[PDB]
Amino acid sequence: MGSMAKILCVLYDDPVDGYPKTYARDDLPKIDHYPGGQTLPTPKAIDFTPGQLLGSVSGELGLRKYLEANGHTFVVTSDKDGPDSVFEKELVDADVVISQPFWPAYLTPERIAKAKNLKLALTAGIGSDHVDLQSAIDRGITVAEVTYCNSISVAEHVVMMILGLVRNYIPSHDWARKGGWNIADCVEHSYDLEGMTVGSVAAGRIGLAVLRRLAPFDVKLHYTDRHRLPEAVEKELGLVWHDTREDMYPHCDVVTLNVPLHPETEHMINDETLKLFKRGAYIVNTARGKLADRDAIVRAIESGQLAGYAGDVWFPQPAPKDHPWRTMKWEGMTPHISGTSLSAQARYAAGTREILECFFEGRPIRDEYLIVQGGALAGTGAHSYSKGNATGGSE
């Protein structure tokens, strides 16, 4: 084997107008730790300033100087799609691949077979479903992610989109923008959240933060999860437990999807399960696009079974220009941005460095960061995932 590694890092493009020389504000708020006690990332040092854009090609997650100083090769590219890409060419001899879920470099079974030297697939972000976990397990490849880095960010985004759907924000803003007023056109589809029932599939780090933020809105809170929360937490929040997600759906005005993507959860929202939803239900999905059958959502919107769908995640990513969720009525869509706010980037850039430092010094990666290690699901992977391949259709 060898002591020097090729690190291949896939990042999204700089803004169309160029890498920013200024930002809207002087500083970021200080965050001391995560809810529940997990500490913030602890790299030995960082080479960036918090609040800077780190996730684009010019930002490089602040890793270049550290990696090159240790004699490694560091390759950064945004060109990820196809057999022809810079990514797939560099992939053959890469020891480490880094990408973000917002601009994911899909490690399919085929691509992993081509990556002869691959020892570590690192997600700068949360969720590894763009990596085929079964292949990684079989190859002894480590899969790691920076757990909890943007969980709270996404929770804010969920509550924002819930309110946006129920109150009919996006169509109302269009009227204001176009020179209209059109009150009746706006509120013909507009309700208060107060008194509604909201269910969450998975109360994990995001799901629980969502339930906490919804509590003062005086809604009824329902959830299901692979792992039940402690009674103290359920009593505090007035949570109503359900054994299965299908038992939960008919109770809910709003359903929010907070669960990772793996064979148990893939296309869990489909023509059949949508029949369990109340007429005029809302779905917010900030977890993974492929949790929902794309055309089933569209059909449910057109038939009135759903009063709205919003989320920032699509499949595949980037979404094709003709992807149907872009144009459907009653949509609150954004590109996949919620986990990559400037506040979040500072955290996953630091965590990325921490994981790499541990990896190259032969120290153990934090168990909470692990998805796959030593030929098995480990750490957060053992807790939140199941073995299998979720990358089908990413081409």
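Start at 1 and count along the sequence shown; that's the residue number.
As the entry records it, the average C-alpha temperature factor is higher for 238-246, out of 238-246 and 280-288. Look at the C-alpha B-factors of 295-303 and of 229-237. On average they run higher in 229-237. Within the group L67, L370, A344, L54, the record's highest C-alpha temperature factor is found at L67. Listed residues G351, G339, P335, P29 were ranked by CA B-factor as deposited; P29 comes out on top. Placement of the Cα temperature factor of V97 within the chain: middle third of the modelled residues, per the deposited record. In the PDB entry, a CA B factor belonging to the highest third of its chain's modelled residues is recorded for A113.
In this PDB entry, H323 carries a Cα temperature factor that places it within the highest third of its chain's modelled residues.
When the modelled residues of the chain are ordered by their C-alpha B factor, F74 lands in the highest third. Ranked by Cα temperature factor within the chain, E194 sits in the lowest third according to the deposited record.
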